[PDB]
Structures are given as C-alpha cells and as structure tokens.
Enquirer: 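Handing you a structure now.
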Amino acid sequence: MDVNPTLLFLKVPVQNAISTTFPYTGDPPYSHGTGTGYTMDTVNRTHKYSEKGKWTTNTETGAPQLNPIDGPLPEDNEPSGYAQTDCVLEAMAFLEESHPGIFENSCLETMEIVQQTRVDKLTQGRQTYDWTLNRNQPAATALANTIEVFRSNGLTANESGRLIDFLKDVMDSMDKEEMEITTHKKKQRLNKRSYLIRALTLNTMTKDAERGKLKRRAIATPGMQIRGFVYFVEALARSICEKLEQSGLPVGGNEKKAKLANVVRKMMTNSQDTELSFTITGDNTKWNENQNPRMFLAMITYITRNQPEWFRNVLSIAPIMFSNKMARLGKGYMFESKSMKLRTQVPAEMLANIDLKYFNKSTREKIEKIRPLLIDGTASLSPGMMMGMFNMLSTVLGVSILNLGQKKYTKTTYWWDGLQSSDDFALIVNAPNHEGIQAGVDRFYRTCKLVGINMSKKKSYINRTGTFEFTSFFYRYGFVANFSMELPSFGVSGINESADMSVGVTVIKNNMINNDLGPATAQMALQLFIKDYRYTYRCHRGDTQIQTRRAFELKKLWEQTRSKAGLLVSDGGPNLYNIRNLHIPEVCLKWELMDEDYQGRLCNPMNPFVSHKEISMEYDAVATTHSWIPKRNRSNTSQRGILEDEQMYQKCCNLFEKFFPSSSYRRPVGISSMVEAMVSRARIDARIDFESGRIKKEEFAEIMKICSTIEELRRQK
Amino acid sequence: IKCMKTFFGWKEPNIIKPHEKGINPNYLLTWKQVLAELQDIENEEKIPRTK
RNA sequence: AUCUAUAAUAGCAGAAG
RNA sequence: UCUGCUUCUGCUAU
RNA sequence: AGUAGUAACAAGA
Ligand SMILES: Nc1ccn([C@@H]2O[C@H](COP(=O)(O)CP(=O)(O)OP(=O)(O)O)[C@@H](O)[C@H]2O)c(=O)n1
Ligand SMILES: [Mg+2]
Ligand SMILES: [Mg+2]
C-alpha cells in the first residue's frame with residue numbers, strides 16, 4: 001500500500017480537514033540578499049499597468065509622473081490602472097445615497113480625532129524611514145530626529161503636542177530654502193529639491209517569513225512626514241468602514257466571523273425562493289499597484305463635502321503626497337568575481353550611472369526600464385498605493401462597488417451583495433436563471449474594471465451559495481475551525497520563566513475555546529509545552545537524572561523541601577496543570593502547597609532579580625524571582641553616538657518620574673519644558689507640605705532656594 | 001563512545017559511492033580523523049562535554 | 001439590555017490581508 | 001545601508 | 001564543496 005494523505009478528502013470534506021493543507025510546522029521562507037530587484041520589478045509592473053496614461057514632469061521634484069486616470073477603457077482582461085473619476089464619484093454618491101449620513105457622521109468623528117490626537121501617536125509605528133539619516137530607524141527615534149531637525153530649522157509648532165501642529169510644521173518645512181542636518185558635528189545642508197525627495201520617499205525592504213508564496217516581494221515604509229496624514233486618512237476611512245455591513249474591517253477574530261456569518265445569513269434570507277444564488281470566492285490581482293492616489297483624493301473630496309476647509313485640506317494631504325511619492329531602491333546588488341575570488345557591494349544610488357555589462361538579462365532589462373525614473377537613488381512611483389497603505393479607503397471603494405449591486409442600481413432581475421476586506425471579497429449574486437448570474441458577474445467585473453479593481457480570474461471561483469472562503473476563513477454552511485494557523489503560537493516564548501508558563505498555558509486554553517482544540521489533544525499539548533519549557537529553562541523535575549549546570553541547585557532545593565507539589569516547575573517541581581485549572585496562574589495554583597520558607601523566599605519583598613523603585617528606601621517587590629530580566633546583547637558601526645544621548649534621556653526621564661508619580665502609568669501632557677514642570681511641582685509640593693505640616697521653616701527655605709537657583713540657571717546657562 | 005564499543009566488525013574504510021562533485025579523500029580522512037580523536041579522548045577517559 | 005466605544009497607557013508575540 | 005501598513009487576539013509592566 | 005534559490009551565506013572588523 002502506498003500512503004496518500006490527500007485521499008482522506010474522499011470521505012472527509014476539504015473544509016472539515018482544511019488544517020491538513022496548512023504546512024505550518026516547517027520554517028517559513030526568508031529573503032537572503034537585497035530587495036532592489038523586487039522594488040524595481042514592482043515599479044515596472046505599476047508603470048506597465050498604467051502605461052497608456054499621461055506622462056508629466058513634476059515642477060517641484062523633477063520626477064516623471066504617470067497619470068492613468070480617465071485613460072482609455074481597457075480592451076483586454078489584463079490588470080488595468082485606468083480608473084475613471086466619474087465612476088468613482090458615482091460609486092461614492094450611491095454609497096452615500098444608500099446609507100444617508102454616513103460621510104457626515106464619519107467626518108464629525110474624524111474632526112474630533114484630528115483635533116485631539118497627539119504627536120506621540122506616531123511613535124506607535126515599527127521600523128520607519130528616517131530622512132535625517134536616510135535609513136530605517138525605530139519610529140520614536142525617527143520622530144525625535146525629525147523634531148530636533150525641525151526645531152534647529154526654526155519649525156516649532158509641534159511644541160503644541162498636537163499631531164495637526166506637527167503636520168503644519170511638515171507643511172512649512174516643505175517650503176524652506178535649505179534644511180540643516182546636524183550629525184555627530186558634521187553640518188550638512190539639503191536644498192529644496194533634495195529635502196523634498198527625501199520627504200516623499202518610502203524605503204523599500206523585502207517581506208520576510210511569509211507563508212503561501214513561492215516568490216518574495218517588496219514592502220514599503222514611509223517617513224514621518226507621511227505617517228500623520230496617512231493616520232488621519234485611515235481614521236476617516238475606519239469611521240466609514242465601521243458603518244458598513246459589507247466591510248470585513250476593522251472587525252477581526254470572533255467578532256469578524258460573527259459579522260460575516262450574520263451578514264451572509266441575512267443575504268441568503270433576502271434572496272427569494274425562486275431565485276438562483278451563487279457565491280464567488282474572489283481575490284483581486286495587483287491591488288496596491290492599481291489603487292491610484294488620485295482616486296483616493298477624489299473619494300476624500302466627495303466624502304468631505306460641506307466640511308470646514310481646514311479639515312478637507314488636512315485629509316487631502318496624504319493622497320497628494322502619495323501621488324508624488326518616491327520609492328527608494330534599497331541596498332543595491334552584490335557582485336562576485338570567481339577568478340579573483342572577491343565580492344563587492346554596489347549601492348542602489350549608482351544604478352543609473354553604472355555599466356549594464358555586470359548584470360544578467362532580467363536585471364539589465366529592469367534597470368533599462370526603470371532608469372528614466374531614477375533621482376537621488378529613488379524611483380518615481382506616481383501610480384499605486386505601495387503595499388497596504390490605505391487598507392480602509394480601498395475597502396471603502398470595494399464596498400461601494402458591492403453597494404452598486406442592489407436592484408435599484410442594476411435595474412435588472414439580477415443583483416449582488418457580499419463582503420469586502422481590502423482586496424479579498426465574497427460576492428453573492430442572485431438571478432432567476434444561470435444567464436442572469438453570468439450577466440451579474442460580468443457587470444460586477446466590468447464595474448470593478450471601471451474603478452481600477454481587477455478581479456483575479458485564476459484565484460477566484462464560483463459555486464452555489466453555501467460554501468466559500470474569505471480572508472482564510474473557510475465557510476461550509478458556517479465557519480470551520482482551522483487549528484494549523486495558530487500552531488506557531490505554541491511553545492516557549494522567551495520572556496522569562498513566569499511569563500513563558502503563563503503564555504503556554506493560556507495559549508492552550510484559548511485554543512480549546514476558539515480553535516476546537518479537543519481535551520485529549522489539550523492534555524498532550526500541555527505535556528509537550530512542559531517538556532519544551534523544562535528543556536529550555538534547565539528546570540527538570542528535582543528527582544530526575546538529566547545533567548545540567550542548574551541540576552545541583554535543583555536537587556538541593558528538592559531534597560530540602562517537605563511539600564514537593566508546591567515547588568514551581570521552574571524550581572524543579574511537578575506539573576499540576578490539567579484542563580480544570582488552565583485559567584489559574586502557577587504561583588496561585590500551588591500557593592497552598594508551598595513550604596513557608598520556600599514561599600517566603602520565592603516571593604521575597606527584596607527580590608534582587610527585579611527592579612526596585614525608590615519612595616535609600618524602596619518599595620517592596622511583589623513578583624517572584626522567576627521574573628528576571630534576560631541580558632540583551634546590543635554590541636560594530638559608527639552609530640554609537642546615540643548611546644549617550646539615550647542614557648541622558650533615561651536619566652532625565654527617571655528624574656521626571658521622581659517629580660511626577662503617575663507619568664509612567666498614564667502619558668503626561670504639557671507644553672512646558674521638563675525643568676519648568678519639575679520646578680513648579682517641587683514648589684507647589686513644598687508649599688502644601690509646609691502648610692499641611694511635613695516640613696519646617698528651614699527645609700522649605702532650602703527647597704525654594706534650590707528652585708530659584710535652578711530657575712536662574714535655566715534662564716542663565 | 002560506549003555505543004561505538006558495542007559494535008565489533010569495523011574494517012578499513014574505503015569509498016563505495018563517491019560524491020561526484022567533491023573531493024572524496026577528504027571524506028575518508030574526515031572519518032579517519034573522527035575515529036582517531038574518539039580513540040584519543042577515550043584513551044584519556046577525561047571526556048569533556050565537547051570535543 | 002448595551003458594551004471596538006456613551007471608550008483611548010505602552011511594549012512584545014501569533015494570525016490575516 | 002535589512003520584519004512595512006492595517007485589523008484582531010494573547011501575555012507582560014522601565 | 002555545501003546550504004540555498006531570482007540573492008545571498010560560505011565570517012567581519
Ligand atoms: N503582507 C501583506 C500582504 C498583503 N498586504 C495587502 O494586501 C494586498 C493583497 O495581498 P496578497 O498577498 O493577497 C497579493 P498576491 O495574492 O500575493 O498576488 P497578486 O497581487 O498578484 O494577486 C496587498 O496588495 C497589500 O495591499 C499587505 O499590505 N501586506
Ligand atoms: Mg479571496
Ligand atoms: Mg491573494
């Protein structure tokens with residue numbers, strides 16, 4: 001017998017065993033070299049889908065920009081970026097007509113959002129392009145560098161702390177004759193065009209650890225001048241998506257499954273009995289490369305009708321900046337000579353003035369096709385969205401096309417509705433016969449073509465209503481469990497012993513709750529997690545023979561302890577977990593069983609493995625000694641000048657927390673400097689203390705004198 | 001070392017199916033070196049955690 | 001009965017597009 | 001010159 | 001050589 005696992009589908013429906021088809025036990029594919037190839041190929045595809053558009057030269061950056069809007073209607077079924085503005089405006093108008101007041105209410109909530117949001121929001125980002133260094137940096141570091149450069153250039157509206165004031169600072173920065181960068185101290189001066197190109201740049205990197213793809217692709221990260229505007233636009237689009245029944249966003253998880261099930265259920269209820277009902281499991285092809293920023297500007301302009309003009313402007317800036325964006329090419333390439341046995345790095349900035357003899361066929365073609373767009377090591381990319389930068393606005397566009405499917409708009413016997421999550425979509429078509437179904441599908445496809453949406457024909461299929469797939473959720477008369485997708489969440493997390501126990505047990509319990517993890521498999525998952533935990537942390541049961549550096553101390557503690565069942569697993573104790581007590585932490589689970597001296601040692605108030613805060617008297621520690629801190633190795637470049645800046649930053653922040661007790665519980669607000677706030681707090685505290693009677697004459701005088709000394713030092717350095 | 005001692009029947013190693021793109025004498029010498037260093041740190045019976 | 005929300009600390013990890 | 005955006009979920013508290 | 005797969009590793013300073 002030849003074993004064929006796929007033959008199991010001959011009896012078990014594919015949905016009820018979909019977990020088999022997800023091979024998430026092996027490592028995911030990574031990229032190894034540069035991402036310049038994928039970046040250039042993305043730019044060339046974007047300009048190929050819009051090649052019949054109009055070419056112009058940007059008077060501000062000098063970049064060739066392609067405009068495919070209102071271009072010739074497509075003649076074939078290849079992806080097209082030729083969205084018609086009148087069709088997009090009609091889709092918006094009919095979405096507002098079908099849901100009266102959606103855009104007005106969304107604009108009110110977004111006005112509140114825009115007026116209250118702080119600049120600190122921008123620090124909630126991951127790796128960000130930093131134009132001051134022309135490199136990727138943490139979002140908070142990039143924002144701090146931007147604020148420092150803006151301040152040294154006389155731009156200080158961001159001192160208000162509001163995001164919109166920082167956006168005004170960005171707007172004013174885009175009008176300066178020259179930008180001063182002060183490194184460490186080399187004083188560089190960018191001119192208007194160079195600073196402008198750096199401000200409209202999105203750094204490009206290759207996406208790593210991605211399942212389901214044979215070939216790698218490029219992702220983009222914008223700078224700080226783009227992120228605030230994109231945040232405001234995405235907030236407006238999220239407010240809109242929240243009010244739409246077809247939107248699969250921003251709902252996620254169990255709430256998303258419930259919404260999808262209820263909406264599909266209502267759709268099947270609305271469909272009359274004599275009607276034929278079909279469902280398209282549909283993907284859209286080249287979604288981000290055919291989403292035009294000009295159509296996003298049209299959508300925002302229609303959505304913000306009759307709003308204050310400042311609001312329309314601040315919402316219009318993101319599509320404008322994305323219409324004039326530049327894509328940084330990346331790291332370049334690497335060249336090898338076998339005969340000379342040497343290798344060298346060729347930067348991307350010299351890919352326009354390099355000889356094409358060095359490259360293979362396809363890379364030479366890429367460079368030849370992309371050379372007219374190269375400026376300062378970036379490529380002009382007017383069309384496209386550059387990989388999920390306006391997820392919610394493109395969701396709104398897709399939902400508008402879905403909304404165009406009611407019988408009041410089709411004016412025929414067929415109609416359609418469905419679900420839209422950015423690019424993914426489930427389309428339910430109803431019609432009195434099969435010809436009507438075909439006509440409705442053709443009309444939906446062509447209407448999508450009219451707005452720059454291209455249904456992937458090779459990835460989409462259609463069947464009688466009742467089963468479909470939407471955003472990796474498989475629906476067979478109801479959504480099925482897919483446990484494999486949550487498989488990489490099982491294991492030792494690497495935080496510390498306590499946190500790893502908590503995470504392992506909690507993951508097992510939540511997988512029992514959400515992903516149909518059965519009780520026997522849950523017990524076996526518990527056993528496997530305890531094995532992996534004991535291996536990782538060298539904390540095998542005291543009464544064992546495994547030889548490790550920790551085993552002697554564990555044997556001593558084991559033989560020392562009367563009640564062994566109270567010892568934590570990290571202390572070589574037994575595993576008392578079962579299905580009953582997964583929701584209970586480990587220290588609480590066996591608190592009754594602990595020996596008194598072991599319990600008073602594990603939870604000692606003067607625990608030396610956790611940090612202690614001053615009130616040299618300190619607060620008592622509560623955590624156990626298993627909550628230690630892992631050494632983080634961060635030691636070979638020239639970027640070692642920031643280690644001292646960060647150390648002094650930390651010193652200042654600890655002093656501030658000594659003056660402001662709630663600063664680390666909630667984010668502090670204030671336009672005053674740190675010294676001013678701290679001195680005023682010290683003064684008012686000394687006053688209400690001398691008054692209430694905790695300090696005397698002389699201590700109050702001394703505090704007031706030190707405050708006056710600090711204030712004359714801040715005025716007189 | 002103990003599991004190897006359970007086997008009697010060692011011969012002089014010779015190449016039976018060569019690696020057509022490699023240098024096979026290097027593989028023969030690598031196996032001989034593994035045997036020699038095992039005999040070395042066994043003759044010592046001061047067997048470290050790593051050799 | 002409602003409850004992302006008559007709501008907003010932050011970081012990390014998993015998944016999805 | 002190298003883990004982006006968005007959404008959800010879980011854990012933790014420099 | 002090998003890993004690997006559209007570009008890299010097979011140390012670097
Ligand atoms: N990591 C990710 C994955 C997806 N996305 C967003 O989801 C879209 C569809 O991805 P997708 O992966 O479905 C496109 P694929 O099906 O591979 O190819 P095709 O375009 O030829 O059809 C992208 O264009 C981005 O907007 C993202 O922002 N980050
Ligand atoms: Mg789909
Ligand atoms: Mg896809």
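Throughout, a chain's letter reflects where its sequence line sits, starting with A, and its residues are numbered from 1. The basis for the numbers below is simple: all heavy atoms, side chains too, and nothing from hydrogens, waters or symmetry mates.
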Enquirer: Answer with base, sugar-phosphate or nothing: what part of the nucleic acid does B:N26 contact at a heavy-atom distance below 4.0 Å?
Expert: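 Since no nucleic acid heavy atom lies under 4.0 Å of B:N26, the category is nothing.
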Enquirer: Which part of the nucleic acid, if any, lies within contact of A:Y30, taking any heavy atom under 4.0 Å across all strands shown: a base, the sugar-phosphate backbone alone, or nothing?
Expert: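 A:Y30: base contact, heavy atoms under 4.0 Å.
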Enquirer: Answer with yes or no after comparing the ring centroid distance for A:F322 and A:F390 against a 6.0 Å cut-off, counting only values under it.
Expert: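 For A:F322 and A:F390, the ring centres are under 6.0 Å apart.
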Enquirer: Going 5' to 3' along RNA chain D, between which two nucleotides do contacts with chain A fall, using a heavy-atom cut-off of 4.0 Å?
Expert: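 Nucleotide range in contact with chain A: D:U1 to D:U12.
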Enquirer: Working to the nearest 0.5 Å, report the span between CG of A:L643 and CZ of A:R640.
Expert: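 The CZ atom of A:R640 is 9.0 Å from CG of A:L643, to the nearest 0.5 Å.
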Enquirer: Which class fits the ring pair A:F22 and A:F474: parallel under 30°, tilted 30 to 60°, perpendicular over 60°?
Expert: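 If you compare the ring of A:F22 with that of A:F474, the planes turn out perpendicular.
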Enquirer: Parallel, tilted or perpendicular, judged at 30° and 60°: which one describes the rings of A:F660 and A:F656?
Expert: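 Aromatic pair A:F660/A:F656 classed parallel.
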Enquirer: If you pin A:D423 and A:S489 to their nearest nucleotides in RNA chain C, which one's is more 5'?
Expert: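 The answer here is A:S489.
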Enquirer: Whole-Å distance between E:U6 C1' and A:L214 CG?
Expert: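 In whole Å, E:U6 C1' lies 10 Å from A:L214 CG.
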Enquirer: When the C1' atoms of E:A1 and E:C9 are considered, how many whole Å apart are they?
Expert: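 14 Å, rounded to whole Å.
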Enquirer: First contact, last contact: which nucleotides of RNA chain C are these for chain A, 5' to 3', heavy-atom distance under 4.0 Å?
Expert: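 Footprint of chain A along RNA chain C, 5' to 3': C:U4 to C:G17.
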Enquirer: Which part of the nucleic acid, if any, lies within reach of B:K21 when heavy atoms closer than 4.0 Å are counted: base, sugar-phosphate only, or nothing?
Expert: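 The residue B:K21 makes sugar-phosphate contact but no base contact.
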Enquirer: Report the distance from atom OG1 of A:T36 to atom CG of A:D41, rounding to the nearest 0.5 Å.
Expert: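 A:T36 OG1 to A:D41 CG: 12.0 Å, rounded to 0.5 Å.
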Enquirer: With both distances kept under 3.5 Å, what pairs with D:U3, Watson-Crick or G-U wobble?
Expert: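 D:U3 is unpaired by these criteria.
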Enquirer: Whole Å only: how far is the NZ atom of A:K213 from the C1' atom of E:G5?
Expert: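 After rounding, the gap between these two atoms is 18 Å.
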Enquirer: Given that both distances must come in under 3.5 Å, which nucleotide forms a Watson-Crick or G-U wobble pair with D:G10?
Expert: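 Its partner is C:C12.
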Enquirer: I need the residues from residues 627-640 of chain A with at least one non-hydrogen atom less than 4.0 Å from RNA chain C; give them sorted by number, or say none.
Expert: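 Residues of residues 627-640 of chain A that come under 4.0 Å of RNA chain C do not exist, since none gets that close.
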Enquirer: Based on the glycosidic angle (syn within 90° of 0, else anti), state the conformation of C:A8.
Expert: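 Here C:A8 takes the syn form, which means its glycosidic angle is within 90° of 0.
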Enquirer: Quick check on RNA chain D: between A:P347 and A:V230, whose nearest nucleotide comes earlier from the 5' end?
Expert: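 With A:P347 and A:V230 compared, the 5'-side residue is A:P347.
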Enquirer: Would you say the ring centroid of A:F359 lies under 6.0 angstrom from that of A:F335?
Expert: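 Yes, the ring centres sit under 6.0 Å apart.
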Enquirer: Which part of the nucleic acid, if any, lies within reach of A:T506 when heavy atoms closer than 4.0 Å are counted: base, sugar-phosphate only, or nothing?
Expert: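 If one applies the 4.0 Å heavy-atom cut-off, A:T506 turns out to touch the sugar-phosphate alone, with no base involved.
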Enquirer: As a test of understanding, state which of A:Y475, A:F473, A:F425 forms a ring-ring contact (aromatic ring centres under 6.0 Å, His included) with A:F468.
Expert: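 When ring-ring contact (aromatic ring centres under 6.0 Å, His included) is applied between A:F468 and each of A:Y475, A:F473, A:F425, only A:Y475 qualifies.
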Enquirer: Both A:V507 and A:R238 contact RNA chain D. Which one's nearest nucleotide lies toward the 5' end?
Expert: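 Final value for this comparison: A:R238.
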Enquirer: Answer with base, sugar-phosphate or nothing: what part of the nucleic acid does A:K256 contact at a heavy-atom distance below 4.0 Å?
Expert: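 No contact.
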Enquirer: Taking atom CG as the centre, does A:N360 end up with more than 12 heavy-atom neighbours from other residues, nucleotides or ligands that are less than 6.0 angstrom away?
Expert: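 Correct, the count exceeds 12.
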Enquirer: E:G5: syn or anti, with syn meaning chi within 90° of zero?
Expert: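 Classified syn.
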Enquirer: Given a cut-off of 3.5 Å on both distances, is E:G2 paired to E:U6 by Watson-Crick or G-U wobble rules?
Expert: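 No, E:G2 does not pair with E:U6, since the Watson-Crick or G-U wobble distances are not both under 3.5 Å.
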Enquirer: NA contact type, A:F473, heavy-atom cut-off 4.0 Å: base, sugar-phosphate, or nothing?
Expert: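 The residue A:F473 makes no contact with any strand.
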Enquirer: So what does A:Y38 touch, heavy atoms closer than 4.0 Å: a base, only the sugar-phosphate, or nothing?
Expert: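 The answer is sugar-phosphate, as A:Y38 gets under 4.0 Å only of primed atoms, P, OP1 or OP2.
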Enquirer: Over all strands shown, is A:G35 touching base, sugar-phosphate only, or nothing at heavy-atom distances under 4.0 angstrom?
Expert: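 Counting heavy atoms under 4.0 Å across all strands, no contact is made by A:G35.
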Enquirer: A:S493 near the nucleic acid: base, sugar-phosphate alone, or nothing, with a heavy-atom cut-off under 4.0 Å?
Expert: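 Touches nothing.
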Enquirer: Taking the minimum atom-to-atom distance to the side chain of B:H19, which one of E:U6, E:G2, E:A11 wins?
Expert: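 When the side chain of B:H19 is considered, E:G2 is the closest of E:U6, E:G2, E:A11.
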Enquirer: In Å, rounded to the nearest 0.5 Å, how long is the span from CE of A:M392 to OG of A:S247?
Expert: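 So the gap between those two atoms works out to 5.5 Å.
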Enquirer: Base, sugar-phosphate or nothing for A:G33? Non-hydrogen atoms, less than 4.0 Å.
Expert: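 Sugar-phosphate contact only.
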Enquirer: Looking at every strand, decide which applies to A:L249 at a 4.0 Å heavy-atom threshold: base, sugar-phosphate, or nothing.
Expert: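 Sugar-phosphate contact only - A:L249 comes under 4.0 Å of backbone atoms but never of a base.
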Enquirer: Mind checking if A:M205 touches a base, just sugar-phosphate, or nothing, with heavy atoms under 4.0 Å?
Expert: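 Sugar-phosphate: the residue A:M205, judged by heavy atoms under 4.0 Å, touches backbone atoms but no base.
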Enquirer: Measure the acute angle between the ring planes of A:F490 and A:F483, then classify it against the limits of 30° and 60° as parallel, tilted or perpendicular.
Expert: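 The arrangement is perpendicular - the two ring planes meet at more than 60°.
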Enquirer: Determine whether a donor-acceptor pair (N or O, by modelled atom type, separation under 3.5 Å) exists between the side chain of A:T506 and the backbone of A:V503.
Expert: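 Side chain of A:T506 to backbone of A:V503, a donor-acceptor pair under 3.5 Å: no, none is there.
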Enquirer: Under 4.0 Å, counting only non-hydrogen atoms across every strand here, what does A:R328 touch: a base, just sugar-phosphate, or nothing?
Expert: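 Contact class for A:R328: base.
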Enquirer: Touch check for A:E242, heavy atoms < 4.0 angstrom, all strands: base, sugar-phosphate only, or nothing?
Expert: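 Base, at least one base heavy atom under 4.0 Å.
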Enquirer: Paired with C:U6 by Watson-Crick or G-U wobble geometry, both distances under 3.5 Å: which nucleotide is it?
Expert: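 With both distances under 3.5 Å required, C:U6 matches none.
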Enquirer: Quick one: CG on A:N290 to CG on A:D423, what's the gap to the nearest 0.5 Å?
Expert: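 Interatomic distance, A:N290 CG to A:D423 CG, rounded to 0.5 Å: 12.0 Å.
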Enquirer: Please compare A:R666 and A:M485 by the position of their nearest nucleotide in RNA chain C and report the one closer to 5'.
Expert: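 Comparing both residues, the 5'-ward one is A:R666.
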